[PDB]
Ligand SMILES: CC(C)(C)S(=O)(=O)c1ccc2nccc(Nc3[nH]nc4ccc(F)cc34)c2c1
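Only one chain comes next, encoded as structure tokens, the form deposited without this ligand.
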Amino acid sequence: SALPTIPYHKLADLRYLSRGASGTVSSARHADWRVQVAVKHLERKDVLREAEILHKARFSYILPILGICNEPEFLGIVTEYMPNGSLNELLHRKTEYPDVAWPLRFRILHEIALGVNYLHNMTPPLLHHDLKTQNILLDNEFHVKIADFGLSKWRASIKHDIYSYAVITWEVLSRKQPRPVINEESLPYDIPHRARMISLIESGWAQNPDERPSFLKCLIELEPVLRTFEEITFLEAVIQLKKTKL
């Protein structure tokens, strides 16, 4: 509803990016704009509802929708691109990725916490149920965007999302595919404020939903940790990463 509609002939450089659960993401350059948008397609009603949802929630930490492709031969949804890809490439592949700095992963966690906080702080609120490290999207400078709302249901509440945030926190501090054990080998003692993170991860995936953290409490207890760092390391660790790529 009230979203722009563009024809499929305005797309060029059809290149494969990823195959999402709710539909594949194609790296297709536009024609009038000439930018490698993330066209989503293969379900037609499902992707229409997806476009409606992305139009409903609009935050800088969610990739802004740009229009829809209403054509009989092919239906598509246009969003921005991802040059460095998702977190899966950053963490699960360490053969050529040598190291990832602590400030980067902590900033990623803070961004995810804020995004799902707002996602739970709408009128009426929303639940994700599809928050995974592969779903987290890194921009040109690794800022977090959240996509694939297919399992996001309009509204067990505030449980799957916070559990996903906890497991992804442990994942990006451990860089190991997944209850996960939190020993020193997985979580070395060099991590600043380590015991805080251990308490966080055990709280997040608690069996009892009653004690399950809310995202608001998560962000209000995590803020001093990101307060400890500075912008210099934030802007330098990405440079070190890119230099190590070549």
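Throughout, we count residues from 1 along the sequence that is shown.
The form deposited with this ligand bound exists for this protein as well; it is not shown, and the discussion that follows is about that form.
J.: Superimposing the C-alphas around the site, does this ligand, as posed in the bound PDB entry, end up open here or blocked, where blocked is 3 or more of its atoms within 2.4 Å of backbone or C-beta atoms?
T.: Blocked, since after superposition 3 or more atoms of the placed ligand lie within 2.4 Å of the backbone or C-beta atoms.
J.: Just to be sure I understand the contacts: of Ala147, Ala166, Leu173, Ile112, which is the one whose heavy atoms reach within 4.5 angstroms of this ligand in the bound PDB entry?
T.: Flagged contact: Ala147.
J.: Is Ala237 near this ligand? Define near as a heavy atom within 4.5 Å, in the bound PDB entry.
T.: No.
J.: Check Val25 for me: does it contact this ligand in the bound PDB entry (non-hydrogen atoms, 4.5 angstroms)?
T.: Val25: yes, in contact with this ligand in the bound PDB entry.
J.: Can you check whether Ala101 is within 4.5 Å of this ligand in the bound PDB entry, heavy atom basis?
T.: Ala101 lies outside the contact set for this ligand.
J.: Although the partner isn't part of this model, could you tell me whether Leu91 comes within 4.5 Å of this ligand in the bound PDB entry, counting any heavy atom of the residue?
T.: Judged by the heavy-atom cut-off of 4.5 Å, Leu91 is well away from this ligand in the bound PDB entry.
J.: In terms of non-hydrogen atoms within 4.5 angstroms, which of the given stretches 183 to 191, 198 to 206, 215 to 223, 47 to 55 touches this ligand in the bound PDB entry?
T.: Looking at the partner contacts, the answer comes out as 47 to 55.
J.: What residues, if any, in 84 to 107 have a non-hydrogen atom within 4.5 angstroms of this ligand in the bound PDB entry?
T.: Residues within 4.5 Å: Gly85, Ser86, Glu89.
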